[PDB]
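This one is an experimental structure. Sequence first:
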Amino acid sequence: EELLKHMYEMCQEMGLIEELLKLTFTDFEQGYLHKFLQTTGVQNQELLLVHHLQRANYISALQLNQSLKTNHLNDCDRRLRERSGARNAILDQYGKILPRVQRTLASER
Amino acid sequence: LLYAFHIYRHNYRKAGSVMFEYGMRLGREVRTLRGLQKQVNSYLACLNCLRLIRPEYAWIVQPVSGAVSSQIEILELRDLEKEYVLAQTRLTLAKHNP
């Protein structure tokens, strides 16, 4: 846990997180990466969304984007609004492609 | 494994088409005493899956022309609903005698 924490903190400080996401994770390393990216700011929740999309985990990506859609109702910054608009449009396209059952599971809080 | 993976997480029509294929091939070339068996199987499975992907999404047909200019073709439920109603009566008849 200490070595993985140090690896993820240093990869975030050095801007290497996108190259880290290309690696093969074990279920344990993956569970710890999910915990780390959830705790370490809004930008890391967008990276976690990209990771879920790259891994074909569309349900978790849609649920995370609904969580982000609920937390961003008050942002004054135009650049974050344009990014959240694009993110929402991409995931709403993925949401349309999903089978009706996976859409229901993604829309069920 | 194809069918398998295709499923894994959140797969549908994909499964269906893989199933069809396996089946048809089987029959056309090997079919003699068990190809029948397994093809019957194949399509039974596909039917399951396609019945399922609710036509909220509506679909199936394929697009190309290689290793039957063997271009792939469609459905609309129909197409091979026919194919398996058929191969089922084929089995019941091959049943009472050989």
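Sure, I can see it. Numbers count the residues shown, from 1 in each chain, chains lettered A, B, ... in the order given.

hey, where'd the helices end up in the chain?
Unless you meant another one, I'm taking chain A. A:2-13, A:17-20, A:27-39, A:42-54, A:58-71, A:78-97, A:100-107 (DSSP state H).

Sorry, I should have been clearer: chain B.
Under DSSP H, chain B gives helices at B:2-7, B:13-29, B:35-52, B:79-96.

hang on, the earlier thing: okay, the helices of chain A in TSV with mean neighbour count and distance to chain B next?
For every residue, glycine as well, the C-beta is placed using N, CA and C. Formatted as TSV, these follow (neighbours: other Cβ atoms under 10 Å in any protein chain shown; distance: least, Cβ to the nearest Cβ, whole Å):
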stretch	mean neighbour count	distance to chain B
helix A:2-13	13	25
helix A:17-20	14	23
helix A:27-39	14	14
helix A:42-54	17	11
helix A:58-71	17	6
helix A:78-97	13	9
helix A:100-107	15	4
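
rewinding a little: can I get the helices of chain B in a markdown table including mean neighbour count?
Below are the helices of chain B laid out as a markdown table (neighbours: other Cβ atoms under 10 Å in any protein chain shown):
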| stretch | mean neighbour count |
| --- | --- |
| helix B:2-7 | 14 |
| helix B:13-29 | 19 |
| helix B:35-52 | 18 |
| helix B:79-96 | 13 |
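
With distance to residue B:92 added, can I get the helices of chain A in TSV?
Formatted as TSV, the helices of chain A follow (distance: least, Cβ to Cβ, whole Å):
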stretch	distance to residue B:92
helix A:2-13	60
helix A:17-20	58
helix A:27-39	47
helix A:42-54	48
helix A:58-71	42
helix A:78-97	40
helix A:100-107	33
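
Please give me every residue in contact with residue 53.
Reading this off chain A. Contacts for residue A:53 (Cβ atoms under 8 Å, 6 or more residues apart in numbering or on different chains) come out as A:61, A:94.

please go with chain B instead
The contact partners of residue B:53, by Cβ under 8 Å, 6+ apart, come to A:99, A:100, B:12, B:13, B:16, B:59.

Hmm, residue B:56 and the second one touching each other?
Yes. Shown here, residue A:100 and residue B:56 form a contact pair, counting by Cβ atoms under 8 Å, at 4.5 Å.

just the contacts of residue B:53 now: which is nearest residue B:51?
The nearest member of the contacts of residue B:53 to residue B:51, counting by Cβ to Cβ, is residue B:16 at 9.3 Å.

what's near enough to touch that closest one?
For residue B:16, the contact set (Cβ under 8 Å, 6+ apart) comprises B:46, B:49, B:50, B:53, B:60.

Any residues of chain B in contact with chain A? List them.
Residues of chain B lying near chain A by Cβ under 8 Å from any Cβ of the partner chain: B:8, B:9, B:10, B:12, B:53, B:54, B:56, B:57.

Any of these buried? List them.
The neighbour-count criterion (16 or more other Cβ atoms under 10 Å in any protein chain shown) marks B:10, B:12, B:53 among the residues of chain B next to chain A as buried.
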